[PDB]
Amino acid sequence: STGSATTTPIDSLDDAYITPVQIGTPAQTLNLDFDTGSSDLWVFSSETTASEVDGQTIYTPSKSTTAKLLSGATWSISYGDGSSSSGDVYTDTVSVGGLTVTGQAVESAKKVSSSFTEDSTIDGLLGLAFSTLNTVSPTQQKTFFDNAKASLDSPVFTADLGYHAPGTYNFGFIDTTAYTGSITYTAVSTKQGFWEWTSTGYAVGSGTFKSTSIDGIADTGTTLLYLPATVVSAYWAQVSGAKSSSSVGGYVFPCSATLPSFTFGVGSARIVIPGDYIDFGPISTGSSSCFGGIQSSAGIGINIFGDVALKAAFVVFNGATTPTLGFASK
């Protein structure tokens, strides 16, 4: 089997992407944030504290003939950005882009933090990291990909995120029309439960490439590119007037700037992030200070190749017995 679904930016900045997902019978379609940095499929639901729901579409398990309470199971997650959610668990039929999994754990939120409530466009998350990170207790549950894998034509999914435009998540096949050149594959460590890999270096603008190993995670659920302070300083030093602002929470730059590109290495290959991808716009409405899309990972504890990096590439998440990651230009 295969599946193919369009993923759409939630706003003009590509702060996140939503993908429609069919849950239950008859189908209830919710728009979920596909997140290769976590491993829970959770939704706003009829059980979510009413004051914490503000415009989201909810899953109502009582209206699904295939929903079953997973008795005794609870979940609770906290994300890198400080947001969180928790609740109980149903199993139900879940389909993405024509690919159907029966008996998928659908984690129903009883509580969500303010960041979730305040974003009316995201109805939940669909985790695509390794199932070892799944938070369901006392019986850990499998991700949608893990459940689908054996049925897929090939044990892979791909992320093709757009810059200020829709893109695609495919399951079970590689669309050879969706990228240019060849795909370069690189080793993955699953030791921390992430799609963790090592970039071979970077360049800033038309500058020379610096060969240096940068361990990090391919994370579709993180907006920005978080790299070591040395790398980030080298980038922003090429933008007149750019500075790190403790009050704003990272590097800002004059909105009048033209940003240089940023290149990262994948083996001997190179992925170029155009400068425009690094512009996250005014820090507040009307401001002439703009927020940067490359930020320091210092004090996160891990480097994160988030959407800013991934949307410059066609990315293969290869879930074969020994997983790997592939990157192509597009």
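Just the heavy atoms: all of them, side chains too, but no hydrogens, waters or symmetry mates, feed the values below. If you read the sequence from its start, that first residue is 1, and numbering goes on from there.
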ask   = In terms of side-chain heavy atoms, does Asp92 have a donor or acceptor partner in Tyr59 at a distance below 3.5 Å?
value = yes
inquiry  = Suppose we call two aromatic rings close when their centres sit under 6.0 Å apart. Are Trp42 and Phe116 close by that rule?
reply    = yes
inquiry  = Centre-to-centre under 6.0 Å for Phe291 and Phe280, is that the case here?
reply    = no
task = Taking atom types as modelled, find out whether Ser4 and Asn170 have a side-chain donor-acceptor pair closer than 3.5 angstrom.
result = yes
Minimum side-chain heavy-atom gap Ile183-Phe327 below 4.5 Å = no
ask   = Is there a side-chain contact between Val266 and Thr200 (heavy atoms, below 4.5 Å)?
value = no
ask   = Are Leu325 and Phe173 connected in a single hydrophobic cluster, I mean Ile/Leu/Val/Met/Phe/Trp/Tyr linked by side-chain heavy atoms less than 4.5 Å apart?
value = no
inquiry  = I'd like to know whether the aromatic ring centres of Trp195 and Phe130 sit less than 6.0 Å apart in this structure.
reply    = yes
request  = Decide yes or no for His164 and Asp14: does some side-chain heavy atom of the first lie under 4.5 Å from some side-chain heavy atom of the second?
outcome  = yes
request  = Verify the distance criterion only: is there a donor paired with an acceptor across the side chains of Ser84 and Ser78 at less than 3.5 Å?
outcome  = no
query = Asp175 and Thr177: side-chain donor and acceptor closer than 3.5 Å?
reply = yes
ask   = Does a donor on one side chain sit under 3.5 Å from an acceptor on the other, for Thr29 and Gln22?
value = yes
Between CG on residue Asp119 and CD on residue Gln56, distance to nearest 0.5 Å = 7.0 Å
ask   = Between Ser83 and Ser115, is any side-chain donor less than 3.5 angstrom from a side-chain acceptor?
value = no
query = Any donor-acceptor pair under 3.5 Å linking the side chain of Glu107 with the backbone of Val136?
reply = no
key: From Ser38 atom OG to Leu133 atom CG, the distance as rounded to the nearest 0.5 Å   = 8.0 Å
inquiry  = Please verify the inter-ring angle class for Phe171 with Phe145; under 30° counts as parallel, over 60° as perpendicular, anything in between as tilted.
reply    = tilted
task = Please determine, by modelled atom types, if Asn134 and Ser131 share a side-chain donor-acceptor pair under 3.5 angstrom.
result = no
ask   = Is a side-chain donor-acceptor pair under 3.5 Å present for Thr198 with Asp215?
value = yes
key: Gap between atom CG of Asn31 and atom CG of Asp123 - 0.5 Å precision   = 5.0 Å
query = Under 3.5 Å, side chain of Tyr235 to main-chain N/O of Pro260, donor-acceptor pair present?
reply = yes
Polar side chain donor-acceptor pair, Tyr90 to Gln104, under 3.5 angstrom = no
query = Are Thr324 and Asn318 close enough that a side-chain donor and a side-chain acceptor fall under 3.5 Å?
reply = yes
ask   = Should we say atom NZ of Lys210 is surrounded by more than 12 heavy atoms from elsewhere, each under 6.0 Å from it?
value = no
ask   = With distance as the sole criterion, is a donor-acceptor pair present between the side chains of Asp54 and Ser120 under 3.5 Å?
value = no
task = Indicate whether the side chain of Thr100 and that of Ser95 have a donor and an acceptor atom separated by less than 3.5 Å.
result = yes
task = Run the ring-centre check on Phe264 versus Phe305 and record whether the distance is less than 6.0 Å.
result = yes
task = Would you kindly say whether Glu52 and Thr117 are connected by a side-chain donor-acceptor distance under 3.5 Å?
result = no
